[PDB]
Structure formats: structure tokens, C-alpha cells
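Everything on this sheet refers to the single structure shown next.
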Amino acid sequence: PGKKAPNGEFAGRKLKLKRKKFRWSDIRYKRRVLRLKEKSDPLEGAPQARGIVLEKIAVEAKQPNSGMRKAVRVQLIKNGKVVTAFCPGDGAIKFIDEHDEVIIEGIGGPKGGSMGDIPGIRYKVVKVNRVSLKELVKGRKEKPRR
Amino acid sequence: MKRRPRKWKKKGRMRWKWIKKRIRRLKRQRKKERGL
Amino acid sequence: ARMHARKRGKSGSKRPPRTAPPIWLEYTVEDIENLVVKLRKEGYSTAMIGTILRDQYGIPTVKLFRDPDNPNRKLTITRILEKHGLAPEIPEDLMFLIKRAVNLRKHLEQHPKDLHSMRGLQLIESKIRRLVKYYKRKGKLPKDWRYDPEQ
RNA sequence: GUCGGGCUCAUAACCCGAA
RNA sequence: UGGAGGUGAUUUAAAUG
RNA sequence: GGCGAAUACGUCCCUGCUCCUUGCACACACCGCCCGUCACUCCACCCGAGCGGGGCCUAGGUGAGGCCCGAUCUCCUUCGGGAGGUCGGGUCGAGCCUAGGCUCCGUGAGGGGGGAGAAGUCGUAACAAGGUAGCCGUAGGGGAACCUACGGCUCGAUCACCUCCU
RNA sequence: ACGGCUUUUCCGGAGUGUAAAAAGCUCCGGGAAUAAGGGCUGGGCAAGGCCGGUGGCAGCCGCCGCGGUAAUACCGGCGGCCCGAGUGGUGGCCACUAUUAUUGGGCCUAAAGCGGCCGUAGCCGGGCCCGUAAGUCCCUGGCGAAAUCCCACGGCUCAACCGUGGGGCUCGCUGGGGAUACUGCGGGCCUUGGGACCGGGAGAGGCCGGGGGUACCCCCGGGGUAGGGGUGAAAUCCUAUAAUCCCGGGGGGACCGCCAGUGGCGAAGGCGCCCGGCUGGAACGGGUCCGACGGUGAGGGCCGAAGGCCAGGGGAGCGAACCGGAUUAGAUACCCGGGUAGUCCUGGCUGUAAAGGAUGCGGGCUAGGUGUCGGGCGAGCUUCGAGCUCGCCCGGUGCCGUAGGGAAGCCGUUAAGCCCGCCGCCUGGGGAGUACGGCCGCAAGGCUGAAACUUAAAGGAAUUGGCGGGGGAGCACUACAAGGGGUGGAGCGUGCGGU
RNA sequence: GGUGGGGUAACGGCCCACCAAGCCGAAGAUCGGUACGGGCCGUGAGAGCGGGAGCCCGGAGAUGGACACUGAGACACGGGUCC
Ligand SMILES: [Mg+2]
Ligand SMILES: [Mg+2]
Ligand SMILES: [Mg+2]
Ligand SMILES: [Mg+2]
Ligand SMILES: [Mg+2]
Ligand SMILES: [Mg+2]
Ligand SMILES: [Mg+2]
Ligand SMILES: [Mg+2]
Ligand SMILES: [Mg+2]
Ligand SMILES: [Mg+2]
Ligand SMILES: [Mg+2]
Ligand SMILES: [Mg+2]
Ligand SMILES: [Mg+2]
Ligand SMILES: [Mg+2]
Ligand SMILES: [Mg+2]
Ligand SMILES: [Mg+2]
Ligand SMILES: [Mg+2]
Ligand SMILES: [Mg+2]
Ligand SMILES: [Mg+2]
Ligand SMILES: [Mg+2]
Ligand SMILES: [Mg+2]
Ligand SMILES: [Mg+2]
Ligand SMILES: [Mg+2]
Ligand SMILES: [Mg+2]
Ligand SMILES: [Mg+2]
Ligand SMILES: [Mg+2]
Ligand SMILES: [Mg+2]
Ligand SMILES: [Mg+2]
Ligand SMILES: [Mg+2]
Ligand SMILES: [Mg+2]
Ligand SMILES: [Mg+2]
Ligand SMILES: [Mg+2]
Ligand SMILES: [Mg+2]
Ligand SMILES: [Mg+2]
Ligand SMILES: [Mg+2]
Ligand SMILES: [Mg+2]
Ligand SMILES: [Mg+2]
Ligand SMILES: [Mg+2]
Ligand SMILES: [Mg+2]
Ligand SMILES: [Mg+2]
Ligand SMILES: [Mg+2]
């Protein structure tokens, strides 16, 4: 490869076109300008969402860890799509019941996705029947209507 | 097909020549059904 | 480097820097013009005339004398021939290339499978078209002049 | 084919005896 | 001292964790 | 303690160990590493008979309403004319109907590979000359990794000989 | 714990404030009274090697990683750290990032130079003289609202905020004056780059016609008689219709040994028997000619190994598919005996390779040493040869190596070094060179080419070991070879498994 | 685009009659996607990259699609007509 080109004083148009052409090779730029994330996001760009619990499940941790992680299947109010959400805390799965409404938010992993030894789960429960789950797991507050 | 010489390396994969043959066999079936 | 083969040959002439004709050269300008006209009438190219003048008459190039008419310029063989009306109608290098292309084309009519020689014809015709672009730019060829082998 | 013994770090292959 | 090429050859069977 | 021999004075063929050099995708260190089909569980996707529905351009029929020019009628006039009804003609026009072509969302019998899981299964293709050196292009064949033919590359081990260098 | 003090804030009042109220502000009485949380505590990263629970379960974890009964990492107690009326969680943009590179990145081995070349637009373009004044530089007129930004001073207790002045911002437009170095434009003059031409030479460069070389296969005739062929070992196969082997003749298709050389020629793919004809390119020698006619090259065009396809020929040898004999647990193979397409010629299509120097092309510059091919020059030999030896210049082709470069392997005037250009390509690993759409092809196929989703590495150069159905050297009766005596079969002593 | 008119507050293919074949485009037309424009705002050593609700200036709209009366000014958010 010779000297980087074009360098000429009157070659502005070609230099600008070169930079524009190879910028589409950057996956960050391409996803933002084409709005690809918006096209497939079940939360539709929101930082939090509300849904209704359909069942409780358990997911195995990935190798070489061992254990069962407790989660719920949630149907979102805004569009009816179903997603899996983690329930953080010791004994937290005992405060959840079927037909209850929950508030979920991102689980906080790399690239705005999953984390840790549980790939496949992208969300976590924050509130249950409009009460903070962290309080319930610690105490300091009671889950209403039995 | 386009050239990907990295695919020819053998560590942890089967031989690319035969992968290519399998892909071409699969593409023939799709083209036949597309004609009916 | 060479225009197509990319070789870097260096052979050529090494002219010393000088202004006046040497002391040992006795010919005047009129004798030199007469010699040039006589040689051209014998049927030689402009390059051949200078070769003969150097080799046989001991005349290093005619570009050592001032033009007797125009003091702004020195003498050349083509200028001398123009002064008498015997200058070529087509520039000589273009003419020699066209002549080479005509001979090669009739060879290819009898040898259609000689592909290596055909690339030579393609390179020659590229040279011819470069020269015609230059000469039309300078006005030495008419604007309607065109190169066509079928001519 | 069944059962037992060899060979091998061990299994398969292989060798031997028997009903 | 150290290197680059060419032509010939290669005496049964022998899987696995 | 008593009695008391045979054979060899060698070799690395078998079983193994030490050292130099060389190849290595191994370091849990060859009892290493590792590939594909079929079977099971889960996720996302592609092709798709049928199946409901929406939006655009056309071509034809219809058309609330607006404007202009006419004839006549009713009621008022300050005698200038001014409100409005009925009919004729011209012209403009949202909407509506039919047909034609593309476009989009929703379900969809059946078909196809992709990714995880952990092992149900058959073999051992690649890594050492990996036990037939490996690999590229093209073509045919095979449960599966793969095999074979022509041309090419070294990103191939070992011994002998030859050539070309420093 | 004692002794004392204060009242921002708090409680109750008067005045001022206000359209009226409320806040605010000035005073008076009471009294330390009325006022601290959130996150974290294994590394990054400030802070515990303490105690009690749990025991690959529960749980933690942005990333790396913890937890398998003696947890500084999970839950809790006590301690400690950071920030503080705040402190944590989730999503987005900038920075981090020279992971978009004008300033300022990469492409031999890691992602990445089109298989090769010709050329259109564009970009980049050799020296001197004269003119112009478009680009460009300087001066000055008319403009680019206010708010927003920076500075000093002033008004609210200071500040935030607000006012008076100075500057900046909308980097853009326009009326005039001046300069001429560079770029652009017009005219003149050159020979250095490039091209043309002439001379004596070099070369498996290409096409066409003719003449040969051995070898091999088949057929006819003579001799001779029981085997030949082939493997690790065998068998199928050939042979008394006389083989293998030897001799005398006839026919056929492909291919050109030794000499042969990090030798030669060509853009690359590729090119090697001899003689004759046609034809392409290059080097050297050159006080010959033309006079910047140049570089690169989006689109576009031509060439392009093997294999494959379409028509017509040809078929010795070899040999996909296939048919038999073996090997093996199996053996759709490796080995052996046969064998269709194909390999060859003529006219077309296809456009693909580890098409690799895995290194795009042109120009200038930056120690040496030593081989070899072509041309030229000088000197000395000579059997007078188009012969031999030594030295120097130019152009090709190898090796060692200085400065410099690089992650290193290594490259190093045949650069992967310093500088002036133009074009092509790359932006973590997979999904995938796939799906969909288009163009091309008779067909096989070619060119162009995403997304959902998945994942913490993948990839490169070098180090120490271990291993190899790799090489070399050495050694041992728990190795062999040469030997002597046995154990394994019976009954019993004793130890082990199982029951 | 031209010639001759109409209409308008006014120039104009703004609309007609007649005569020509022009006009735009790989320096990206046409078509598709997204979006009110600017002063400014966030960030960065700077070169840059991203945004443009709130205040000021300009534009547009009054459930969707059409169309009129009065008036200096409207085809009128708290005025009129049809679907
Ligand atoms: Mg066994
Ligand atoms: Mg390892
Ligand atoms: Mg093994
Ligand atoms: Mg193997
Ligand atoms: Mg084997
Ligand atoms: Mg092998
Ligand atoms: Mg086969
Ligand atoms: Mg610390
Ligand atoms: Mg966290
Ligand atoms: Mg403990
Ligand atoms: Mg704790
Ligand atoms: Mg980089
Ligand atoms: Mg690469
Ligand atoms: Mg290349
Ligand atoms: Mg070119
Ligand atoms: Mg110049
Ligand atoms: Mg100026
Ligand atoms: Mg301003
Ligand atoms: Mg004050
Ligand atoms: Mg102040
Ligand atoms: Mg102010
Ligand atoms: Mg006979
Ligand atoms: Mg091109
Ligand atoms: Mg045969
Ligand atoms: Mg090659
Ligand atoms: Mg090579
Ligand atoms: Mg390449
Ligand atoms: Mg020489
Ligand atoms: Mg050469
Ligand atoms: Mg050289
Ligand atoms: Mg070197
Ligand atoms: Mg990538
Ligand atoms: Mg297609
Ligand atoms: Mg023993
Ligand atoms: Mg023995
Ligand atoms: Mg016994
Ligand atoms: Mg008019
Ligand atoms: Mg909008
Ligand atoms: Mg905008
Ligand atoms: Mg608002
Ligand atoms: Mg409303």
C-alpha cells in the first residue's frame, strides 16, 4: 500500500465520499441510523414496563456453575408480548403469585443485555403489586391483599 | 462464492471443501422446489 | 519506466552543454540547409537525416545555429524543411506507428489464433490514440481527422 | 450363542478351555 | 560455520477413555 | 552352612528409562485434544397450499356542493334595483361503485437449515510421518465424519544422492 | 461527666412588606432545645484475614470470578470506607476510542491489494521568460435582531440573578482600494520524463508448414515349453486355441529423456526434439528526431491452469463412476486385477484455484561484500575461434549484511526504510458467503449480499516442558538373545474378592 | 421554451389557443425513508460527534376532506356550508 489518498487540495468531494462509505462498516453507527434496536425491542424504547405474571419457572446456571435461578414469565400490557424476568434476592420467588402485576426493567449486562451465568434473561423484577420487591425481601413492608 | 481463507484452518472444524459441497447440495433442493 | 512493460532501461545520448558550434566545424548555415534539403529529397526520415549529418559530415546537431529569420529560436530539421515546403503532412511518429499497425493486421487475418501478437496490436493502437489526442489539442491535425483501420 | 480363563492401565478386537 | 531447492524411496494389523 | 552346574562376554528386535535434535491444534500434559450424521429438550428464523382483512395508482359509471351565462315566476322598491323559487346550458369538484394491477399486517397443514443443552447412539476425519502428509479449484461416489480422479500450494516428517549459495 | 455560652433554624408576639394576603426583612420573650441518610466493604477501587449461620443447596457476579461443612467474596452481628439532604437502580448521547483516523489508523505471516492487464471521467502533474488578476494575502465601506457566552465595575447581606460598558458568537454575504510568490488562464522558449528511429547482438515469447527420437500397445511369421504376473502375505487375472522370454516384419495414439543451471522469455495464466516462413516485447550503444505528448484509473473492455458443457472427430497409455480379488469387528477406502466418461484434435460456451512473492502501480533519496545472465568499454593471453582470464558502466537474477523498521519470525538500493501521488479493500468471533431481490449462463454455476439471534474471546509470533506408529547416541537378566530351573492342570497351607 | 390572449393587487404555464422538441439525470435525477427551520443546547484539550419540547424569531393547524360570505386584512380555534 502506498500513501493514503486522496491528499490533493482540490479533492474534497472524493475524501468526503470515502469517509461516508467506510462509516457503514461500523456496527454502532449502522444500528443507530437504521434504528434496528427500535425495530425489535419488546419494551418499545422504554426504561421500565408493566406486565402480568403467567407462571413461575427455574433456569439452570451455565457451566461451570451450579444452581437454579428463579424467574417468571410476564405478559406486557402495552403490546401483549411475553418475556422472562429474573427475581433477585434470597427467597424472593415466595412473594410472587400467578395473576399478579409486576414492573420490570433491564438486568444490566453488557451491550444492554443479559449478564452473569444466566444468558437468555434480559430483565428483572422491581415491584410486585406496586410495592418495592427489595423491601419485601428485607421486610419493612408487607404485600397487600394477602 | 467469496473467499474466506480463515475457514480453511482445521482447528475445531470439518474440512471447508466438504462444507461447501454440502451447502451446494442444499441449494439445489431449494431451487427445484421453487420451480414447482 | 517503459509505458507498458514497466522496465527501467537507461540507454540514451549524453549531450555536452555548449552554446556555439565548435571551432573545427567549417560548414555555414546555408550549406547545412542545402544538405538537409538534398537528403530529404533523397527520401529520408527526419531522424535519419540527423544521423547521416552526424556520422558522415561531422555535424553535431543543427540545433547549434540560430534561425536566420527568427532570432527568438534555434534551428531544427523540421523547421528547415518547413522553410522550403517539404515538411511531413502527418507527424512522423504517428505515421510510423500507423504503418506498423497496418502490417500487423494483415498478419492476424491469416493467423487468427496468434493471441500474443494481438495484444501487441492493442498496445500499438493505444499509443496511436494517445498521440491523436495530443495532436488535436495542438492543432497539428484537423478536428474531423479520425483513425480507422478499414481506411 | 452360553459360561470360565488369558492379553491390556482399562474396554472393544484377539487367543485358549469347556458345556 | 550456516542456509535454499530437486529426484528417489518408507515391510501386515493397532479403535476408544 | 552342605553339595554345586549351563550359557553369553552381545544387541536395542520386544518391554522400558537417560541425553542431543526435530514436529506439535497437547499443559488435566496421548489414559491429551478433537469432528459429523441420527435421537431427545429449548430459542430465534426461512420457504409455504389455504385463510381472514387494510393502502396506493389506473379505466369506466355516479356525484352532495361551488361558480358563470340564459329564460320565466313570487314578494319588496328609493325606480337604481334587491331577496328567493323553478328550468336550460357550460364548467369545476370531496365522496361513492365496479373492475385491473402492486403493497402491507394477522393466522397457517406441511417442508428446511441455524444456535444453545447434555450425552441417547454409530464410527475416529484432523493435530506427531496422527498411523494413506495436509489443504485449494472442479467433478463423481458414500450411514456419518469422509473416499477417488486431473491441475496447483507448503501453511509437510525421515533417509540417501544431486544441484545452488554464504 | 461537670461548668458556662449562643439562637441561623424552632414556638409565641409588634412593625414593615402586599391590590389584599402569604413569604421575606428589623426588633422583643422562651430554649440545645426541633433536625442524617443512601450506597459499599476479593481485584479493578477507598475500606475486616473478626464472629455466628448455610454447605455446588440457597445465593452473589457491569467484567475477572466466589459458593462441594475450617467462605476476608452468599445471609446476619460488630467494626471500617465514600459521598452527604441526599444517595443507589434502569434506558439514551458524548468521552473513554488513533474501535472511522483532515489533524491521525491499518492491508507478507493476525480482518484486509481486484487472477492479470488496457484505458474514459475525476484527482495529481518537469524547467525558464512575458501578460492577466479568478483562487490567495493586506486595508477599508454596508450587513449577519435580542436573549444565550467571556471580562471589569455597579444593585439585591455576598452569590445565583439583574444593570452599565468592552469583547466574542451566527466562519457566512456583499461595495471599493492595493500586492503578484504560489495555483488557474493566455502567449513565447526548452530537453531532463515519455514516445519515434538507426546499429551489432540475446531469449523454452506466439502462430503456421515439414522432418525426426526412443519408449509403449495390438497384429502376422520363426524359435522354445510350463509357467507368467502381483503382494507385507495372497488371490482374482494371463497361459497347451502355446503365454512369460528371444528374433524378423506390419499398424497405431500420446509424449520430447540426459545436456538443464535460486539459468532464460512473457502482463498474468504459462512456454523445452530439429529445419523453414510469418509475428510481439525488452536490454545495451546513440552531440539522431518529436517537444511534457506523463501517473493512477470510478464506470467499461480484453486475456485467463485444471475440471465441466454443446456439436463433429480420435482413443496407445493412464483412469472419476462401476465390476471382481484381498484386508478388517465393519471397510461404501487405503493394496491388487479389469474398466466408462475424461485426458488428444477442430468450432464455441463456462470465468473459476493455496490464480501465493498470501507483498497494487509510477517517481526521488538512504553503508558495504560476494555469485550469475545480456550488451558495451579497457587490458592481457591465445591453438587466431561467434575462444580464454581480470577490471569498470548499464539492465536483469540470487545470497550475507550496516543505518532504519517490526509483536516477533524477519525485511534491509529486487524494502516490509524516509518522502511526493492515485485507485482498490478492512473495522471482535459466529449466523454467512446463507435468505430475499437483481443481472449473466444451455446447464453446472458466477458477480452482488442483509437480519433475528448467539458468544468472551476467536486470531498471530515466540518460550519452557511433555509426547510422536520422527532422527541420533547410551543402558538394564524386575529387557531380549544363549541357557538352567519353574508357575499355569491335582490335593492341601495361607492371603484377597464375593456370598 | 416561443407567439397571441385571459385572469390577478401584482410578474409568471398561473390558466387557455396555436407553433416547436425541449427540460432533469452516476457531480445521483426520479422514487422511497425520516423529520417543522434557525438563534442555540449536551459533550470533548482541540479537530470533532450528538440533539434541536420549554425562551425569541419564521412556518403550519383547529376531529378528517372540500368550499364560501363580510371585511383594509380570513376562505376565520370561542363565526357560516356540504360530505
Ligand atoms: Mg476384553
Ligand atoms: Mg492448552
Ligand atoms: Mg487416544
Ligand atoms: Mg485419523
Ligand atoms: Mg488407519
Ligand atoms: Mg491422514
Ligand atoms: Mg469411490
Ligand atoms: Mg484497598
Ligand atoms: Mg451490579
Ligand atoms: Mg465462617
Ligand atoms: Mg457482611
Ligand atoms: Mg488498527
Ligand atoms: Mg488474512
Ligand atoms: Mg494481486
Ligand atoms: Mg491505466
Ligand atoms: Mg511546475
Ligand atoms: Mg480578490
Ligand atoms: Mg446577537
Ligand atoms: Mg450591596
Ligand atoms: Mg458582584
Ligand atoms: Mg444581563
Ligand atoms: Mg509362435
Ligand atoms: Mg474497475
Ligand atoms: Mg489398466
Ligand atoms: Mg502458479
Ligand atoms: Mg509460495
Ligand atoms: Mg489475493
Ligand atoms: Mg558480462
Ligand atoms: Mg525477466
Ligand atoms: Mg542488480
Ligand atoms: Mg538480509
Ligand atoms: Mg466482524
Ligand atoms: Mg438468487
Ligand atoms: Mg517380565
Ligand atoms: Mg529368553
Ligand atoms: Mg495349581
Ligand atoms: Mg400579459
Ligand atoms: Mg412530525
Ligand atoms: Mg432537524
Ligand atoms: Mg411544553
Ligand atoms: Mg381535540
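Numbered from 1 within each chain, the chains take letters A, B, ... in sequence-line order.
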Please classify the nucleic acid contact of C:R73 as base, sugar-phosphate, or nothing, using heavy-atom distances under 4.0 Å. sugar-phosphate
Please work out if A:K30 contacts a base, only the sugar-phosphate, or nothing of the nucleic acid, heavy-atom cut-off 4.0 Å. sugar-phosphate
Just call it for C:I124: base, sugar-phosphate, or nothing, with non-hydrogen atoms closer than 4.0 Å on any strand. sugar-phosphate
How long is the line joining NZ of C:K74 and P of G:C189, in whole Å? 12 Å
With heavy atoms under 4.0 Å as the rule, sort A:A5 into base, sugar-phosphate or nothing. base
Regarding A:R145 and A:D97, does a basic nitrogen lie under 4.0 Å from an acidic carboxylate oxygen? no
Taking the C1' atom in each of G:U340 and G:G319, what is the distance between them to the nearest angstrom? 10 Å
According to a hydrophobic-cluster definition based on side-chain heavy atoms being under 4.5 Å apart (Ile, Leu, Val, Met, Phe, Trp, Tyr only), do C:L123 and C:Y147 belong together? no
Using a 4.0 Å heavy-atom cut-off, does A:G91 contact any base of the nucleic acid, only the sugar-phosphate backbone, or nothing at all? sugar-phosphate
Record whether the side chain of B:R25 comes under 3.5 Å of the base of F:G142 through a donor-acceptor pair of N or O atoms. yes
Please state whether the base of G:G59 and the side chain of A:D90 form at least one donor-acceptor pair under 3.5 Å? no
At under 4.0 Å, does any side-chain N or O of C:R100 touch on OP1 or OP2 of G:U279? no
Does any N or O donor sit under 3.5 Å from an N or O acceptor when you compare the side chain of A:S66 with the base of G:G56? yes
Name the one of A:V74, A:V126, A:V72 that satisfies side chain to side chain contact (heavy atoms under 4.5 Å, CB included) with A:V102? A:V74
Considering every strand and a 4.0 Å limit on heavy-atom distances, what is the contact class for A:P6: base, sugar-phosphate, or nothing? sugar-phosphate
Rounded to the nearest Å, what distance is computed from the CG atom of residue A:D41 to the P atom of nucleotide G:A451? 18 Å
Could you tell me whether A:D117 contacts a base, only the sugar-phosphate backbone, or nothing, with contacts defined as non-hydrogen atoms closer than 4.0 Å? base
Mind calculating the distance between CH2 (B:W16) and P (G:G430) to the nearest angstrom? 12 Å
A student applying the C1'-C2'-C3'-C4' rule, positive for north and negative for south, should call the sugar of G:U97 south
CG of A:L17 versus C1' of G:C422: gap in Å, rounded? 16 Å
Which is true for A:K14 with a 4.0 Å heavy-atom rule: it touches a base, it touches only sugar-phosphate, or it touches nothing? sugar-phosphate
Could you check whether C:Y57 gets within reach of a base, just the sugar-phosphate, or nothing at all, counting any heavy atom under 4.0 Å? nothing
Of the candidate nucleotides G:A196, F:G36, G:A358, which contains the atom at the shortest distance from the side chain of B:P5? G:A358
Distance check, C1' atoms only: F:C14 and F:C19, in whole angstrom units. 23 Å
For C:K10 and G:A282, what is the distance between atoms NZ and P respectively, to the nearest whole Å? 15 Å
Given F:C155, is OP1 or OP2 found less than 4.0 Å from the side-chain N or O atoms of B:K9? no
At under 4.0 Å between heavy atoms, what does A:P64 touch on the DNA or RNA strands: base, sugar-phosphate, or nothing? base
Taking any heavy-atom pair under 4.0 Å as a contact, classify A:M68: base, sugar-phosphate, or nothing. sugar-phosphate
Using a cut-off of 4.0 Å on non-hydrogen atoms, how would the nucleic acid contact of C:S45 be classed: base, sugar-phosphate, or nothing? nothing
Quick one: do C:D93 and C:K127 make a salt bridge, cutoff under 4.0 Å? no
Quiz: residues 19-29 of chain A side-chain donor-acceptor pairs under 3.5 angstrom, not counting sequence neighbours:
unit_1, atom_1, unit_2, atom_2, d
A:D26, OD1, A:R28, N, 3.1

Is there a donor on the side chain of C:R2 or the base of G:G281 sitting less than 3.5 Å from an acceptor on the other? no
Does H:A9 have its sugar in the north or the south range once you look at the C1'-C2'-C3'-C4' torsion? north
Would you say A:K4 places a side-chain N or O within less than 4.0 Å of OP1 or OP2 belonging to G:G106? no
Taking distance alone, no hydrogens or angles, what donor-acceptor pairs closer than 3.5 Å link side-chain atoms of residues 75-85 of chain A to residues at least two apart or in another chain?
unit_1, atom_1, unit_2, atom_2, d
A:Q75, NE2, A:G80, O, 3.0
A:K78, NZ, A:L43, O, 3.1
A:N79, OD1, A:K81, N, 3.4
A:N79, ND2, A:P42, O, 3.0
A:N79, ND2, A:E44, OE2, 3.3
A:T84, OG1, A:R73, NE, 3.4

Should the side chain of A:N65 and the base of G:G59 be counted as holding a donor-acceptor pair, with the cut-off at 3.5 Å? no
Distance check, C1' atoms only: H:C67 and F:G63, in whole angstrom units. 16 Å
Nearest to the side chain of A:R32, which nucleotide is it out of F:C136, G:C93, F:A126? G:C93
Under 4.0 Å between a side-chain N or O of C:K113 and OP1 or OP2 of G:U279? no
If we take the P atom in both G:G84 and G:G55, what is their distance in whole Å? 43 Å
Give a yes/no on whether any side-chain N or O of B:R4 is located under 4.0 angstrom from OP1 or OP2 of G:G430. no
Within the structure shown, what part of the strands sits under 4.0 Å from C:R130 by heavy-atom distance: base, sugar-phosphate, or nothing? sugar-phosphate
Rounded to whole Å, please give me the gap between NZ in C:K7 and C1' in G:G205. 13 Å
Rounded interatomic separation in angstrom, taking NZ from A:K21 and P from H:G28: 18 Å
By the rule that syn is within 90° of 0, classify the base conformation of G:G338 as syn or anti. anti
G:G445 phosphate, OP1 or OP2, under 4.0 Å from B:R24 side-chain N/O: no
F:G137 base / B:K17 side chain donor-acceptor hit below 3.5 Å: yes
Between the base of G:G445 and the side chain of B:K31, is there any donor-acceptor pair under 3.5 Å? no
Nearest to the side chain of A:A11 - F:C146, G:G287, G:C123? G:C123
Base, sugar-phosphate or nothing for A:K18? Non-hydrogen atoms, less than 4.0 Å. nothing
Would the base of G:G362 count as contacting C:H4 through its side chain, where contact means a donor and an acceptor less than 3.5 Å apart? no
